[PDB]
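Alright, here's a single protein chain in two forms, structure 1 and structure 2, each given by itself as structure tokens.
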Structure 1
């Protein structure tokens, strides 16, 4: 309990069904075909259908939802923009020129020796980086007036074809010469060397020595494409390119220089960046002197333990629903079975390991079976038992749980097991609903993304993946009606603001989602007057 528990206007029970989407196609639809009398009634009359995939949840367009992004967005009451989407918006809206950390790096060079370096994976792969981002960084660095800029090009061939690097190289040389007339290519080396993530420091050292000491094959703008073509003819592809060195000593990373890595994926940037900006140069075991007084920037955070500034640091995610309730001195209960326990804690609470004051947690063991189609009800009954006990106690004005079966059995692709998974989930929901009506809670049921509504591909084969269908949002309180947002479809970012509105609690400014309910009285005044 917490001091302000009695300030709530309505106690809310939020059920997050995992992998339960809304689809009218009955073919392979384990939810429609399953016996689901409870959800058939809850998903009738006053209910909503909200988006849980793609840009609606901060993911690239067309990408299916998932449990991590879904519980994050439900908990946060805002769209958390995934790195790719976030950076692409910045490029589209010319925001690099005013990026705080980019301006910082350019100010360091300008107030210092004038020298700045860009290093990363140069291709349109989009897994670790994108060449478009590197081009946008060059244009912004130029506009910001940095005296000297050098590019260290890491060859891909893994996220793109093994002989595409020559094209990205040609694109880059022409961009630097004709488009910007500013910036110089200094190194080409394959990601096998620059981007190791297995502590093979002898590979990092090849990239390190190329960048620091120009250890590699000397070439120039006129000759470098031909060098690469000769490498290709010798079966040395992009991923494995041995270093090519341009600009001589001036293009090396020297004392007092500043360096930006443009990859947004951290795992393969940790080693080279720590070699440059911390003490792991020792691990490279090189005879070359390490340059003094370097400053390293990353496109994103590579490790919290690193001193590096980031162009796009993590969303602060202040005042997610779980933090906000605690700040309002309202207690709460989060319950899941083992397979989804992280989702109702780490992910729901904002994507970090933090338990807020007044937050009580409950883990129900998942069944110990080889695969979950062998016990499709999983432990949904136990989760409902624990929620029902909290409803009877009345201690917590906000309680929430996850039901795992639809998602976890959905992944087995076994249609008949998925049907039973949904039947057991519906039974559990019904038991919670009856308890909320007995004990004075409002019930809201939603999901984190779809899965079980699509168990068959069109050819009749198994479908084991999440989906892009909408998810339900239900509400048992008859004093409210659902209303969609003005300018977009409702989405998972609208769940937490809606909870707060029903609970009669303030909404923090950090929640940029909107409540998608309206009190009937207020709707009635709006009708008769407008």
Structure 2
């Protein structure tokens, strides 16, 4: 089970990832603070750190709580794993559209053809399928690239935003196109119920299709379109269900030889309209209008493997996550979790794929077969520690890691008293592991993938069952290292694996763009600091 370079490791490391254990100073409904956790009370003192596990720090949209899949992905990868909204928002901030290869291709086609380009997508700040800022940036870039004509097909939201917020986004859009860029024309408004169907209800898609290719709908212009929407509002027709509104007449329709960019980043609700325009699914619409010839369609992301469309943001890769890299260094490793989080210490920790690397030994501890986990809040934490202690007493693997599920899965039941017991059981397990690590020459690091159990009561005293935005601990028993935050940002989950490799005396692969957040210090200086 060993690997050839095990004897080159400077420090063996045991990494405990507690699931759903965050750092909150508010004791109300705080199952971690109120639980008896004498082990974590000591580990989380002196030289320890509090690192970010939510929102932009882990590649999630700003303000969004962490989660087990993203958390284990970021911990295992040693880099920020960007979700699409964050990656595209950064490209907007950094003016990266104007040099985007697929966008430049689309703009070249229009300039070498009939000069006509279309943008189509959900216009709101919801951030779930699209962002209005993305569309504004595309307009700016397409102007800078000198496309003669740009037409916008505005899909109404009211689902990821309030049902009457479309008027505002419409007002913002009109002012933007007229005053800010003085370029581009709004051509269609239609609700996402029609344009963004994902249930193969092609009679819905046809309403959007015929609006874009044939102006089927209510005619309007820049001066009156907002009042039309207000009229629909008064008739109980909200953004999601806006029947089409047609501007610019025939000039703004999708015509023969035109170019189309769909700017939604999420695939499920673009597969249909994009394939109707760019492939053969216009047939399903059974329209009395002919399909325009020689169209070419581009997407913000890849909507389906088998679609031919170029994408502005193709899928990213994650080479040399920690588990891959340890194997490449010929260092063996051990991953352990109970059933409910076994995928997270394998599939997600290892980069989001079913791959076990060379030298990677795994251990699955069965979760208890109970109706809900508040009935056995300790879950199988004891058996996870048992397996880890076996590995520490053997000393075979220089890197071992486990997950402890109780705080998150009991936290999800909303039962505060059960969560307190889940945290007490986790603390006991961590203490038994800690004793073994100190006996057998392992440095112990404890972290979490995101918070949960520290906030068990909602503001009305009811159950709180969700993940949180609180920081998570990062501990280290090795006295020869001091935690140091990155120079330009808060520490985050992406920094755990670079830190482990630095402690292990192993190289850090170029692909891990996280930073190590420890510095070596002399033992005498460390001891004098504490006193």
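Residue numbers count along the first chain shown, from 1. Superpose the two forms; the largest set of C-alphas matching within 1.5 Å is the rigid core.
Hinge annotation between structure 1 and structure 2, restricted to 197, 83, 388, 43, points to 83 (rigid-part boundary).
Interdomain rotation between structure 1 and structure 2 (smaller rigid part relative to larger, C-alpha based, rounded to whole degrees) is 21°. Core superposition places the C-alpha of residue 315 2.1 Å apart between structure 1 and structure 2.
The shift recorded for the CA atom of residue 457 between structure 1 and structure 2 is 1.0 Å, with superposition on the rigid core. Core superposition places the C-alpha of residue 483 0.1 Å apart between structure 1 and structure 2.
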